[PDB]
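Presented below, as structure tokens, is a lone chain in the form deposited in one PDB entry.
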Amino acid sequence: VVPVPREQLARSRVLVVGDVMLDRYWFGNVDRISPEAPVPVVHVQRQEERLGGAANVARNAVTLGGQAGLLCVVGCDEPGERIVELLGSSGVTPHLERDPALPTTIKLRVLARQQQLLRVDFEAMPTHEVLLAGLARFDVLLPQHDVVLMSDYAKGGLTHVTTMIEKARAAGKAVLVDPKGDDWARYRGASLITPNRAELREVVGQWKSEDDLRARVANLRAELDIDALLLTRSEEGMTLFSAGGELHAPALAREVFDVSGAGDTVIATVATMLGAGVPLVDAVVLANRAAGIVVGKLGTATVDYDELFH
């Protein structure tokens, strides 16, 4: 791959639309079991917070050197204000819709002895009224960017993903989709879809061989009119499927500490590279390198320009 100029990345405008969330971590001690149940008791000593979901995707684009706009729906609560706060110092351009009746999506991880004990999730469906207002703001924000990134976590944020895809493709913009669910007809006309094994296995079933996997993907792209499919395979790296053929990149990870959010790094890198004129094939190689780097960091971290290149 060819080293990419930072000033070229500077003109990469990525519009991230999807489910934003707050990654909160509780670190504590377990000295005893509960006197009420055969479960542990955690005395929390410390709390850490990072942007997650669509926000994690957006911030990954900024750290790489690109520009990122985040269109999402956030509730009027404590986790909500915390996201607004974190976004203000992230570099991402916030375009947040506010839903008073919506609990802001928050993923609460409870740890002890550097060992996770439980994850507590708060989330719900945004109101239909809010989703329309966000859709209206999308029409406004669409011509202001180059690449559209759909970050789906099935929290109801991308309820009108189909309409938005058509509008972006009708505007000549490239549409990238991080899938979730088994429908995937809503992802019709997407330029690039980026599932992991579990997400792909949900819509096409478990493949019996590479040729079988080759067929199921090719059959899927034709059915859904999707130009390319990018299957991230964890420790197996990733594989890009298109009419131009297949490219398999092995996992480059030197040290594997925390994997969580690596898929976000993958799709953010591809999007921000494509927005910098970088060819799809080269964007994928850099994405795999970025994923291999971000995997050696604790939590849902990012990867800077300086780390990816030198």
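Residue indices: 1-based, along the sequence shown. Note that the rigid core is defined as the largest set of C-alphas that superpose within 1.5 Å between two forms.
Although it is not shown, the form deposited in another entry is what the next lines describe.
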### Task
Align on the core first; then indicate which of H160, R82, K173, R109 has a CA shift of 2 angstroms or more between the shown form and the other one.
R109
### Task
Answer yes if the Cα of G69 shifts by 2 angstroms or more between the shown form and the other one on a rigid-core superposition, and no otherwise.
no
### Query
So, does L132 move by 2 Å or more at the CA between the shown form and the other one, with the core held fixed?
no
### Query
Does superposing the core leave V42 with a CA shift of 2 Å or more between the shown form and the other one?
yes
